[PDB]
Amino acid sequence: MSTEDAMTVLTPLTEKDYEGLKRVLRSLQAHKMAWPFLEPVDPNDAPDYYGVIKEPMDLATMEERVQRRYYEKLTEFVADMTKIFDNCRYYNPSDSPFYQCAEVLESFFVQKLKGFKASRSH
């Protein structure tokens, strides 16, 4: 739908939009494959992670940004979420369980994002 693509880039996020954003975020936090994205990466679990990952992101950070109305456009919310999956596939090998979690959860996020964009255009 051209309406969905247009609202994503141009339409400012409203208080009603943020209700949908929190629900999308809550669905990801409850997903079983989201365990390694719930909190910031522990440096003791990943050596030199913060020396190699330029812009880290996690679901807890996005929850704080959603609560404080950080995002003005849906593109910015999507960009932060994409960092989570891109950073994971950048740092971990393709056969790693972390890599698999990113592929599963991003596909789940894409399904939920499409539903949010659809109800936003109704």
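Throughout, we count residues from 1 along the sequence that is shown. Heads up, when I say rigid core I mean the largest set of C-alphas that superpose within 1.5 Å between the two forms.
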Core-fitted comparison in 6 other deposited structures of this protein, 92-100 vs 42-50, farther C-alphas: 42-50
Of 5-13 and 96-104, the stretch with the higher mean C-alpha B-factor in the deposited entry is 5-13
Given 83-91 and 62-70, the range whose Cα B-factors average higher in the PDB entry: 62-70
Based on the PDB entry, the highest CA temperature factor among the options 38, 52, 57, 30 is that of 52
